[PDB]
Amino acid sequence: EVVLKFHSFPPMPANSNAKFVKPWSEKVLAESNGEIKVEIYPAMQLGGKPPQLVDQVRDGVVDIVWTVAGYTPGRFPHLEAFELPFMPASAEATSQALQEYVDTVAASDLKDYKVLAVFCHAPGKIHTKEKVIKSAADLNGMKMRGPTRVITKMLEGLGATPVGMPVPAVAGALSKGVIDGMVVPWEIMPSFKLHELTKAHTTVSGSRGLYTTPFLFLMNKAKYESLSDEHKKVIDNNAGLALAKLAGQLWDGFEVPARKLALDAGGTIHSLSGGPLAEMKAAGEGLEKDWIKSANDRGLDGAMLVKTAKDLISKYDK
C-alpha cells in the first residue's frame, strides 16, 4: 500500500477536485487493486498559498498537485506561449497540444517533476457586474482580474486596468469593490458564486477563444521513482497525452452546466464578432510580438515556440 497526498487550492466541489482528481484517484485505486491510495486535500488544507503548490510537490511536501502554472510568474516560461491572445481552440484540442509541447520542445519547464498531465480550460470569458462589454473601449477604466501575468498584460492591451490574483480571491475583491470584473471560463465560477456576483458576460465568436491558461497536474519525482514497476505502470496508464485529452474534453463539458447556472441567475451573454472582435485580435498581436521578444531575451526561440503551439493546436482540432 502507498498513500499519496494530493494538494490543491479550489474547494472540494470545484470540477478540478470533484470531477477530475476524484475520478482519477478512483481509477488509480481500482487499477492498483486498492494499493495506491490518494488522499485529497482541497482548499489548501495542508497549508500554504496557491503559488506554493509547485514548490510543495517539487520538494516532496506533498505527492501530487493540481494548479495553475502562471500562479508562479516566470517559472514555466515555455507554457506562456499558450496563454497568448486568441491562441486556444477547444480545451480538448489545446490540452493535447500542451501535453505534446511539454513532452517535446518545452520539457525543460517540468524536468523537476513527474508530469501527470498539462492541460487547460475552455477559452475564458469576460465578466463584469453589470456593464456589457461590446468592445475594448468598454473596458477602459475597469479594474479586471486575470489569473497570470500574461493574461493581465492581455487585459491591459484591451484597455483594462489589470489586477492579478488566484481565483479564490476574486469574489471578495468584487464584493469589496477592489475589481470591477474578471476573466475566467464558466466552469470555475459557481464554486465561488461568481455567476451571482457578475451578471454581464462576454465571449468571442469564431474558432479561437480569448485566452486560456495552462493547468499542471504533477507528481513528486522521487515519489514516482520509488514506486514499484507495477505501480508506475498504473500511474503511467493514467498520465500523458491520453489524460490530457480526457482532461480537455472534461473541461469543455464543464462549461455547459456552469453557463446554464449563470444565465439562470440572470446573466447576459454577448459574443463579439466583426469590428469589435477584429479590434481585440489586432491588439492581441502586439502582445504576441512582445512575448516573442521576451522569450528571446530569456534564451528561448520565441517565434519557433509560438509556431509550434499554433501548429499543435490545429493538429488536435478535430
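Residue numbers here begin at 1 and follow the sequence given.
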remark   = Quick note on 135-143 and 75-83: per-entry mean CA temperature factor is higher in 135-143
note = Taking the deposited Cα B-factors and averaging over 84-92 and over 164-172, the higher mean is found in 164-172
task = Specify which of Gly181, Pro214, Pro123, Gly206 carries the largest Cα B factor in the deposited PDB entry.
result = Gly206
task = Check the PDB entry and point out which of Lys232, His195, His201, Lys245 has the largest C-alpha temperature factor.
result = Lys232
remark   = Chain-relative C-alpha B factor for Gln45 (record values, thirds): the middle
message = When the deposited Cα B-factors of this chain's modelled residues are ordered and cut into thirds, is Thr67 in the lowest, the middle or the highest one?
response = lowest
key: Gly159 by Cα B-factor - lowest, middle or highest third of the modelled chain   = highest
message = Where does the C-alpha B-factor of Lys310 rank in its chain, lowest, middle or highest third?
response = lowest
ask   = What third of its chain's C-alpha B-factors does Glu187 belong to: lowest, middle or highest?
value = lowest
